[PDB]
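K.L.:
Just so it is clear, I am handing over work.txt, which has compact mmCIF, N, CA and C atoms.
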# COMPACT_ATOMS: atom_id res chain seq x y z
N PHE A 463 8.33 -6.14 -2.72
CA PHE A 463 7.49 -5.26 -3.49
C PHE A 463 6.06 -5.41 -3.05
N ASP A 464 5.45 -4.32 -2.72
CA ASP A 464 4.07 -4.33 -2.43
C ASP A 464 3.35 -4.03 -3.69
N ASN A 465 2.82 -5.04 -4.29
CA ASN A 465 2.21 -4.88 -5.57
C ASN A 465 0.74 -5.14 -5.45
N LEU A 466 0.11 -4.41 -4.57
CA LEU A 466 -1.33 -4.41 -4.50
C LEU A 466 -1.83 -3.80 -5.77
N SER A 467 -2.18 -4.64 -6.66
CA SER A 467 -2.52 -4.25 -7.98
C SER A 467 -3.99 -3.84 -8.09
N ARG A 468 -4.31 -3.38 -9.27
CA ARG A 468 -5.65 -2.99 -9.67
C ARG A 468 -6.57 -4.20 -9.70
N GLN A 469 -5.98 -5.36 -9.84
CA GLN A 469 -6.71 -6.61 -9.85
C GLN A 469 -7.30 -6.85 -8.46
N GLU A 470 -6.58 -6.42 -7.45
CA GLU A 470 -7.04 -6.47 -6.08
C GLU A 470 -8.09 -5.43 -5.81
N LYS A 471 -8.09 -4.38 -6.61
CA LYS A 471 -9.14 -3.39 -6.51
C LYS A 471 -10.41 -4.06 -7.05
N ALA A 472 -10.22 -4.93 -8.03
CA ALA A 472 -11.30 -5.72 -8.58
C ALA A 472 -11.79 -6.71 -7.53
N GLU A 473 -10.84 -7.35 -6.78
CA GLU A 473 -11.21 -8.21 -5.62
C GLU A 473 -12.12 -7.43 -4.70
N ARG A 474 -11.56 -6.34 -4.21
CA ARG A 474 -12.24 -5.44 -3.26
C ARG A 474 -13.60 -4.99 -3.77
N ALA A 475 -13.68 -4.58 -5.02
CA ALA A 475 -14.93 -4.13 -5.59
C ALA A 475 -15.92 -5.29 -5.81
N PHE A 476 -15.42 -6.47 -6.20
CA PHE A 476 -16.28 -7.63 -6.48
C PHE A 476 -17.01 -8.06 -5.23
N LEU A 477 -16.38 -7.82 -4.10
CA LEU A 477 -16.94 -8.15 -2.81
C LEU A 477 -18.09 -7.21 -2.39
N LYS A 478 -18.32 -6.14 -3.18
CA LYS A 478 -19.42 -5.21 -2.91
C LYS A 478 -20.73 -5.86 -3.38
N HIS A 479 -20.57 -6.93 -4.15
CA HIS A 479 -21.68 -7.71 -4.67
C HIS A 479 -22.44 -8.26 -3.48
N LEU A 480 -23.77 -8.23 -3.54
CA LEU A 480 -24.59 -8.67 -2.42
C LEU A 480 -24.20 -10.04 -1.92
N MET A 481 -23.89 -10.06 -0.65
CA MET A 481 -23.29 -11.18 0.07
C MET A 481 -24.24 -12.35 0.29
N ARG A 482 -25.46 -12.21 -0.21
CA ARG A 482 -26.39 -13.31 -0.22
C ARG A 482 -25.89 -14.36 -1.19
N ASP A 483 -25.46 -13.85 -2.34
CA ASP A 483 -25.03 -14.59 -3.49
C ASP A 483 -23.65 -15.21 -3.29
N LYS A 484 -23.56 -16.03 -2.27
CA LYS A 484 -22.34 -16.71 -1.90
C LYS A 484 -21.82 -17.65 -2.98
N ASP A 485 -22.68 -18.03 -3.93
CA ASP A 485 -22.22 -18.79 -5.10
C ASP A 485 -21.15 -18.00 -5.81
N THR A 486 -21.37 -16.68 -5.87
CA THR A 486 -20.43 -15.75 -6.47
C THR A 486 -19.07 -15.78 -5.75
N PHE A 487 -19.08 -15.98 -4.44
CA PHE A 487 -17.85 -16.14 -3.68
C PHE A 487 -17.06 -17.32 -4.21
N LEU A 488 -17.71 -18.45 -4.31
CA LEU A 488 -17.07 -19.67 -4.73
C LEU A 488 -16.71 -19.61 -6.22
N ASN A 489 -17.51 -18.90 -6.99
CA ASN A 489 -17.25 -18.74 -8.41
C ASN A 489 -16.03 -17.88 -8.64
N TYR A 490 -15.90 -16.80 -7.89
CA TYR A 490 -14.78 -15.91 -8.07
C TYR A 490 -13.53 -16.51 -7.47
N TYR A 491 -13.72 -17.29 -6.41
CA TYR A 491 -12.63 -18.00 -5.76
C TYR A 491 -11.95 -18.99 -6.73
N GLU A 492 -12.72 -19.82 -7.39
CA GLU A 492 -12.14 -20.83 -8.27
C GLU A 492 -11.84 -20.34 -9.71
N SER A 493 -12.34 -19.17 -10.09
CA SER A 493 -12.08 -18.66 -11.43
C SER A 493 -10.78 -17.88 -11.43
N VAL A 494 -10.33 -17.55 -10.25
CA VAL A 494 -9.18 -16.75 -10.09
C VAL A 494 -7.98 -17.65 -9.78
N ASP A 495 -6.79 -17.08 -9.66
CA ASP A 495 -5.61 -17.87 -9.36
C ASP A 495 -5.45 -18.10 -7.90
N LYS A 496 -5.84 -19.27 -7.49
CA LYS A 496 -5.74 -19.70 -6.11
C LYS A 496 -4.27 -19.82 -5.71
N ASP A 497 -3.44 -20.13 -6.69
CA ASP A 497 -2.00 -20.33 -6.51
C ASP A 497 -1.25 -19.02 -6.20
N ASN A 498 -1.12 -18.16 -7.19
CA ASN A 498 -0.34 -16.92 -7.03
C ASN A 498 -1.17 -15.74 -6.59
N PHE A 499 -2.41 -15.67 -7.03
CA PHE A 499 -3.21 -14.47 -6.80
C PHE A 499 -3.77 -14.41 -5.37
N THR A 500 -3.59 -15.48 -4.61
CA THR A 500 -4.09 -15.51 -3.26
C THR A 500 -3.44 -14.38 -2.39
N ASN A 501 -4.25 -13.43 -2.10
CA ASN A 501 -3.91 -12.24 -1.34
C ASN A 501 -4.25 -12.51 0.12
N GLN A 502 -3.65 -11.79 1.05
CA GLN A 502 -4.00 -11.91 2.48
C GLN A 502 -5.46 -11.46 2.66
N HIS A 503 -5.85 -10.49 1.85
CA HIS A 503 -7.22 -10.00 1.79
C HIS A 503 -8.14 -11.15 1.39
N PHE A 504 -7.75 -11.80 0.32
CA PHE A 504 -8.43 -12.95 -0.24
C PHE A 504 -8.47 -14.12 0.78
N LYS A 505 -7.39 -14.28 1.54
CA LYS A 505 -7.25 -15.33 2.55
C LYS A 505 -8.28 -15.10 3.61
N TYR A 506 -8.32 -13.87 4.13
CA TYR A 506 -9.31 -13.55 5.13
C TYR A 506 -10.74 -13.64 4.65
N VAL A 507 -11.00 -13.16 3.45
CA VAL A 507 -12.34 -13.24 2.91
C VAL A 507 -12.73 -14.71 2.72
N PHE A 508 -11.93 -15.46 1.96
CA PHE A 508 -12.16 -16.89 1.76
C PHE A 508 -12.40 -17.64 3.07
N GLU A 509 -11.55 -17.43 4.04
CA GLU A 509 -11.58 -18.14 5.29
C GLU A 509 -12.89 -17.90 6.05
N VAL A 510 -13.22 -16.63 6.31
CA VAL A 510 -14.45 -16.29 7.05
C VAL A 510 -15.68 -16.76 6.29
N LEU A 511 -15.69 -16.50 5.01
CA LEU A 511 -16.85 -16.81 4.20
C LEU A 511 -17.06 -18.31 4.06
N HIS A 512 -15.99 -19.04 4.07
CA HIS A 512 -16.02 -20.51 4.03
C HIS A 512 -16.51 -21.06 5.37
N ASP A 513 -16.18 -20.37 6.44
CA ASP A 513 -16.57 -20.78 7.81
C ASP A 513 -18.09 -20.78 7.95
N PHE A 514 -18.72 -19.78 7.38
CA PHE A 514 -20.16 -19.70 7.37
C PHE A 514 -20.73 -20.66 6.34
N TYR A 515 -20.02 -20.79 5.23
CA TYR A 515 -20.37 -21.72 4.13
C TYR A 515 -20.56 -23.13 4.66
N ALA A 516 -19.77 -23.45 5.67
CA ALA A 516 -19.82 -24.74 6.31
C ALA A 516 -21.09 -24.95 7.17
N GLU A 517 -21.79 -23.88 7.56
CA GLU A 517 -22.96 -24.10 8.40
C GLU A 517 -24.21 -23.30 7.95
N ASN A 518 -24.11 -22.00 7.89
CA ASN A 518 -25.24 -21.12 7.49
C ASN A 518 -24.61 -19.90 6.88
N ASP A 519 -24.73 -19.81 5.60
CA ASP A 519 -23.87 -18.91 4.94
C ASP A 519 -24.47 -17.64 4.39
N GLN A 520 -24.35 -16.60 5.19
CA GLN A 520 -24.50 -15.22 4.78
C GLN A 520 -23.46 -14.40 5.53
N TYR A 521 -22.67 -13.65 4.84
CA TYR A 521 -21.63 -12.89 5.44
C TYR A 521 -22.09 -11.44 5.56
N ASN A 522 -21.91 -10.84 6.72
CA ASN A 522 -22.37 -9.49 6.90
C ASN A 522 -21.29 -8.50 7.26
N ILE A 523 -21.73 -7.26 7.26
CA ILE A 523 -21.01 -6.09 7.72
C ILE A 523 -20.48 -6.32 9.13
N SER A 524 -21.37 -6.85 9.96
CA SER A 524 -21.15 -7.10 11.35
C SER A 524 -19.87 -7.91 11.58
N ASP A 525 -19.61 -8.85 10.67
CA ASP A 525 -18.44 -9.70 10.74
C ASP A 525 -17.19 -8.86 10.56
N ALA A 526 -17.17 -8.05 9.52
CA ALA A 526 -16.02 -7.19 9.25
C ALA A 526 -15.85 -6.12 10.36
N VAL A 527 -16.97 -5.74 10.96
CA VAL A 527 -17.05 -4.83 12.07
C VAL A 527 -16.44 -5.44 13.34
N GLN A 528 -16.60 -6.75 13.51
CA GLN A 528 -15.95 -7.44 14.63
C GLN A 528 -14.45 -7.38 14.42
N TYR A 529 -14.07 -7.36 13.17
CA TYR A 529 -12.70 -7.21 12.77
C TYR A 529 -12.16 -5.76 12.89
N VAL A 530 -12.90 -4.81 13.51
CA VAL A 530 -12.40 -3.39 13.56
C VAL A 530 -11.22 -3.11 14.50
N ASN A 531 -10.59 -4.11 14.98
CA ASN A 531 -9.35 -3.93 15.72
C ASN A 531 -8.24 -4.44 14.85
N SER A 532 -8.53 -5.56 14.28
CA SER A 532 -7.72 -6.34 13.42
C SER A 532 -7.61 -5.74 11.97
N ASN A 533 -7.57 -6.71 11.02
CA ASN A 533 -7.50 -6.83 9.56
C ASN A 533 -8.03 -5.73 8.74
N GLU A 534 -7.96 -4.54 9.25
CA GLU A 534 -8.48 -3.21 8.75
C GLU A 534 -8.58 -3.03 7.22
N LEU A 535 -8.10 -3.97 6.47
CA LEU A 535 -8.50 -4.00 5.05
C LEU A 535 -10.02 -4.37 5.00
N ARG A 536 -10.50 -4.82 6.18
CA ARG A 536 -11.91 -5.05 6.51
C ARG A 536 -12.66 -3.72 6.54
N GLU A 537 -11.93 -2.64 6.87
CA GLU A 537 -12.52 -1.32 6.91
C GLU A 537 -12.65 -0.87 5.51
N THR A 538 -11.63 -1.17 4.73
CA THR A 538 -11.66 -0.93 3.32
C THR A 538 -12.88 -1.66 2.70
N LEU A 539 -13.05 -2.93 3.06
CA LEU A 539 -14.20 -3.73 2.63
C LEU A 539 -15.53 -3.07 3.05
N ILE A 540 -15.60 -2.63 4.30
CA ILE A 540 -16.78 -1.91 4.82
C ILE A 540 -16.99 -0.62 4.01
N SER A 541 -15.90 0.04 3.70
CA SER A 541 -15.89 1.22 2.84
C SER A 541 -16.51 0.88 1.46
N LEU A 542 -16.18 -0.31 0.91
CA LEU A 542 -16.80 -0.76 -0.33
C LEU A 542 -18.29 -0.96 -0.14
N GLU A 543 -18.69 -1.47 1.02
CA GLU A 543 -20.11 -1.66 1.30
C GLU A 543 -20.82 -0.30 1.45
N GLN A 544 -20.08 0.67 1.95
CA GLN A 544 -20.56 2.03 2.10
C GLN A 544 -20.75 2.65 0.72
N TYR A 545 -19.89 2.27 -0.19
CA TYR A 545 -20.04 2.64 -1.56
C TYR A 545 -21.20 1.90 -2.18
N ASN A 546 -21.98 2.59 -2.93
CA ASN A 546 -23.23 2.03 -3.37
C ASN A 546 -23.23 1.55 -4.78
N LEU A 547 -23.90 0.44 -4.97
CA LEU A 547 -24.18 -0.12 -6.28
C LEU A 547 -25.41 0.58 -6.87
N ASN A 548 -25.89 1.57 -6.15
CA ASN A 548 -26.97 2.42 -6.58
C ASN A 548 -26.45 3.36 -7.65
N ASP A 549 -25.44 4.11 -7.31
CA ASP A 549 -24.82 5.07 -8.22
C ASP A 549 -23.95 4.39 -9.27
N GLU A 550 -23.78 3.10 -9.14
CA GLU A 550 -23.02 2.34 -10.09
C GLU A 550 -23.93 1.45 -10.91
N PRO A 551 -23.68 1.33 -12.22
CA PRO A 551 -24.34 0.31 -13.03
C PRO A 551 -23.74 -1.03 -12.63
N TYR A 552 -24.47 -2.13 -12.77
CA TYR A 552 -23.92 -3.41 -12.30
C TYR A 552 -22.88 -3.97 -13.24
N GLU A 553 -22.68 -3.29 -14.30
CA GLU A 553 -21.65 -3.60 -15.22
C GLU A 553 -20.31 -3.18 -14.66
N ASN A 554 -20.34 -2.39 -13.61
CA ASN A 554 -19.14 -2.05 -12.89
C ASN A 554 -18.63 -3.26 -12.17
N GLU A 555 -19.52 -4.22 -11.95
CA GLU A 555 -19.14 -5.42 -11.27
C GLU A 555 -18.42 -6.36 -12.24
N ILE A 556 -19.16 -7.26 -12.88
CA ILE A 556 -18.60 -8.31 -13.75
C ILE A 556 -17.77 -7.77 -14.94
N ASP A 557 -18.28 -6.76 -15.65
CA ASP A 557 -17.59 -6.20 -16.84
C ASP A 557 -16.23 -5.67 -16.45
N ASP A 558 -16.22 -4.69 -15.56
CA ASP A 558 -14.99 -4.05 -15.12
C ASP A 558 -14.05 -5.05 -14.42
N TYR A 559 -14.61 -5.90 -13.59
CA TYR A 559 -13.88 -6.95 -12.87
C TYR A 559 -13.09 -7.83 -13.83
N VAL A 560 -13.78 -8.35 -14.83
CA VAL A 560 -13.16 -9.19 -15.82
C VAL A 560 -12.14 -8.38 -16.61
N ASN A 561 -12.55 -7.21 -17.03
CA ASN A 561 -11.71 -6.29 -17.79
C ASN A 561 -10.41 -5.97 -17.08
N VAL A 562 -10.49 -5.66 -15.81
CA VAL A 562 -9.32 -5.31 -14.99
C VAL A 562 -8.36 -6.49 -14.79
N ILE A 563 -8.89 -7.64 -14.59
CA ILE A 563 -8.04 -8.76 -14.29
C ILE A 563 -7.49 -9.37 -15.58
N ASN A 564 -8.28 -9.32 -16.61
CA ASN A 564 -7.93 -9.92 -17.88
C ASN A 564 -7.17 -8.91 -18.75
N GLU A 565 -7.10 -7.65 -18.31
CA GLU A 565 -6.34 -6.67 -19.09
C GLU A 565 -4.87 -6.93 -18.81
N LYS A 566 -4.64 -7.62 -17.70
CA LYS A 566 -3.33 -7.99 -17.21
C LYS A 566 -2.83 -9.23 -18.02
N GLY A 567 -2.84 -9.09 -19.31
CA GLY A 567 -2.33 -10.05 -20.19
C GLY A 567 -1.50 -9.36 -21.22
N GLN A 568 -1.79 -9.62 -22.46
CA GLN A 568 -1.07 -9.01 -23.58
C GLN A 568 -2.02 -8.07 -24.29
N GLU A 569 -3.10 -7.79 -23.61
CA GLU A 569 -4.16 -6.95 -24.11
C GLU A 569 -3.74 -5.50 -24.16
N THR A 570 -3.70 -4.97 -25.34
CA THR A 570 -3.37 -3.61 -25.57
C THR A 570 -4.70 -2.83 -25.72
N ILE A 571 -4.63 -1.51 -25.96
CA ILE A 571 -5.82 -0.61 -26.09
C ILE A 571 -6.95 -1.18 -26.92
N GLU A 572 -6.62 -1.75 -28.04
CA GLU A 572 -7.63 -2.28 -28.87
C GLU A 572 -8.06 -3.67 -28.46
N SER A 573 -7.20 -4.42 -27.86
CA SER A 573 -7.53 -5.76 -27.43
C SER A 573 -8.59 -5.70 -26.32
N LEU A 574 -8.63 -4.54 -25.69
CA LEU A 574 -9.62 -4.21 -24.73
C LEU A 574 -11.00 -4.27 -25.42
N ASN A 575 -11.02 -3.96 -26.73
CA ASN A 575 -12.23 -4.01 -27.57
C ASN A 575 -12.76 -5.41 -27.58
N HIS A 576 -11.85 -6.38 -27.79
CA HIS A 576 -12.23 -7.80 -27.86
C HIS A 576 -12.94 -8.20 -26.61
N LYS A 577 -12.32 -7.95 -25.48
CA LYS A 577 -12.90 -8.41 -24.23
C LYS A 577 -14.17 -7.65 -23.86
N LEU A 578 -14.24 -6.35 -24.17
CA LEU A 578 -15.44 -5.55 -23.86
C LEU A 578 -16.64 -6.16 -24.61
N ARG A 579 -16.46 -6.33 -25.92
CA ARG A 579 -17.47 -6.92 -26.78
C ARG A 579 -17.81 -8.36 -26.36
N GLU A 580 -16.80 -9.10 -25.95
CA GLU A 580 -16.95 -10.48 -25.55
C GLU A 580 -17.75 -10.60 -24.24
N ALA A 581 -17.42 -9.79 -23.25
CA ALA A 581 -18.15 -9.78 -21.97
C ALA A 581 -19.64 -9.43 -22.16
N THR A 582 -19.90 -8.41 -22.96
CA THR A 582 -21.25 -7.93 -23.25
C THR A 582 -22.07 -8.92 -24.09
N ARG A 583 -21.37 -9.74 -24.86
CA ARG A 583 -21.91 -10.78 -25.79
C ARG A 583 -22.92 -11.80 -25.12
N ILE A 584 -23.21 -11.62 -23.85
CA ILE A 584 -24.11 -12.48 -23.09
C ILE A 584 -25.61 -12.11 -23.37
N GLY A 585 -25.80 -11.01 -24.03
CA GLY A 585 -27.15 -10.54 -24.38
C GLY A 585 -27.37 -9.10 -23.95
N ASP A 586 -26.43 -8.30 -24.34
CA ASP A 586 -26.37 -6.86 -24.10
C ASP A 586 -26.94 -6.11 -25.31
N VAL A 587 -27.16 -4.80 -25.16
CA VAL A 587 -27.54 -3.79 -26.21
C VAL A 587 -26.68 -3.86 -27.54
N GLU A 588 -26.09 -5.01 -27.80
CA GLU A 588 -25.14 -5.39 -28.87
C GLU A 588 -25.46 -4.87 -30.29
N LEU A 589 -26.55 -4.18 -30.46
CA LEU A 589 -26.79 -3.42 -31.65
C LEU A 589 -25.85 -2.19 -31.57
N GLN A 590 -25.97 -1.49 -30.44
CA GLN A 590 -25.08 -0.42 -30.02
C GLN A 590 -23.68 -0.96 -30.06
N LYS A 591 -23.50 -2.08 -29.38
CA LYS A 591 -22.20 -2.67 -29.30
C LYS A 591 -21.71 -3.35 -30.58
N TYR A 592 -22.57 -3.51 -31.57
CA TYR A 592 -22.14 -3.94 -32.89
C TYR A 592 -21.31 -2.81 -33.48
N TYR A 593 -21.79 -1.58 -33.26
CA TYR A 593 -21.01 -0.40 -33.65
C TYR A 593 -19.66 -0.40 -32.86
N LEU A 594 -19.74 -0.71 -31.58
CA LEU A 594 -18.54 -0.84 -30.75
C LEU A 594 -17.65 -1.92 -31.34
N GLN A 595 -18.28 -2.95 -31.85
CA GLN A 595 -17.63 -4.06 -32.48
C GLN A 595 -16.95 -3.65 -33.81
N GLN A 596 -17.36 -2.53 -34.38
CA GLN A 596 -16.62 -1.94 -35.49
C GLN A 596 -15.29 -1.43 -34.95
N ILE A 597 -15.35 -0.80 -33.80
CA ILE A 597 -14.12 -0.42 -33.08
C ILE A 597 -13.28 -1.72 -32.76
N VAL A 598 -13.99 -2.78 -32.36
CA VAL A 598 -13.40 -4.12 -32.12
C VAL A 598 -12.82 -4.68 -33.43
N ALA A 599 -13.40 -4.28 -34.54
CA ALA A 599 -12.93 -4.69 -35.83
C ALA A 599 -11.53 -4.18 -36.06
N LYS A 600 -11.28 -2.95 -35.61
CA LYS A 600 -9.93 -2.36 -35.66
C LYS A 600 -8.97 -3.23 -34.83
N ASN A 601 -9.46 -3.66 -33.68
CA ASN A 601 -8.70 -4.55 -32.78
C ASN A 601 -8.27 -5.80 -33.48
N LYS A 602 -9.17 -6.49 -34.05
CA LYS A 602 -8.84 -7.70 -34.72
C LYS A 602 -8.11 -7.44 -36.05
N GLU A 603 -8.20 -6.22 -36.54
CA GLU A 603 -7.42 -5.78 -37.69
C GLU A 603 -5.98 -5.42 -37.31
N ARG A 604 -5.66 -5.38 -35.99
CA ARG A 604 -4.26 -5.07 -35.55
C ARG A 604 -3.25 -6.08 -36.13
N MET A 605 -3.73 -7.23 -36.49
CA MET A 605 -2.91 -8.26 -37.04
C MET A 605 -2.91 -8.16 -38.55
Represent the supplied structure as structure tokens.

P.N.:
Amino acid sequence: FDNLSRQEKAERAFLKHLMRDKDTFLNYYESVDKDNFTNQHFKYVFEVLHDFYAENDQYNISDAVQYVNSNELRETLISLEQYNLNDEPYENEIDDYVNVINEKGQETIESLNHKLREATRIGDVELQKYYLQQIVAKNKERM
């Protein structure tokens, strides 16, 4: 079964995050399932990025471009880089990323409320989202 899931779309999209912030590489690497979730995509990303991590660590387009014969999910990655975080709010990154991967639980439509409110709970427009949290109230009222 080729089960390239939406969670991998989150992998792919998370990598659009500015590659300066290699801490984010290591953070996403260890926060995720190294055991089962390790994708060939993830293997290649981890491996190359770790190689630079070992000496001088900034990963570029150029690297994936050297890969333009090979690992063409690298083209997909380049395609993500071509896609702009300009037209996207940065909440498309961490919020959606967490939401997509963590929705893969027992989280139903309303349980999505819990996590949305919880992710934003870091110091978001939560006055607005307090109202959203009324919707979240329905979620926690599911029981």

K.L.:
So how far away is atom CA of residue A:526 from atom CA of residue A:550, in Å?

P.N.:
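According to the coordinates, atom CA of residue A:550 and atom CA of residue A:526 are separated by 22.7 Å.
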
K.L.:
Measure the distance from atom CA of residue A:467 to atom CA of residue A:482 in Å and round it to one decimal.

P.N.:
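We find that atom CA of residue A:467 and atom CA of residue A:482 lie 26.7 Å from each other.
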
K.L.:
If I take atom CA of residue A:536 and atom CA of residue A:493, how far is one from the other in Å, to one decimal?

P.N.:
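If I compute the distance from atom CA of residue A:536 to atom CA of residue A:493, I get 22.5 Å.
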
K.L.:
Please write as a ChimeraX atom specification the list of polymer residues whose atoms come within 7 Å of (-23.4, -5.9, -9.7), counting all atoms listed in the file and keeping to the coordinates of the file.

P.N.:
/A:478-480,547,551-556

K.L.:
Counting only C-alpha atoms, which of A:575, A:561, A:546, A:541 gets nearest to residue A:472?

P.N.:
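Of the candidates, the smallest distance to residue A:472 is held by A:561.
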
K.L.:
In the coordinate frame of the file, compute which residues have an atom within 7 Å of (-9.8, -6.6, -32.6) when using only C-alpha atoms, and state them as an MDAnalysis selection string.

P.N.:
chainID A and resid 572:573 575:576 598:604
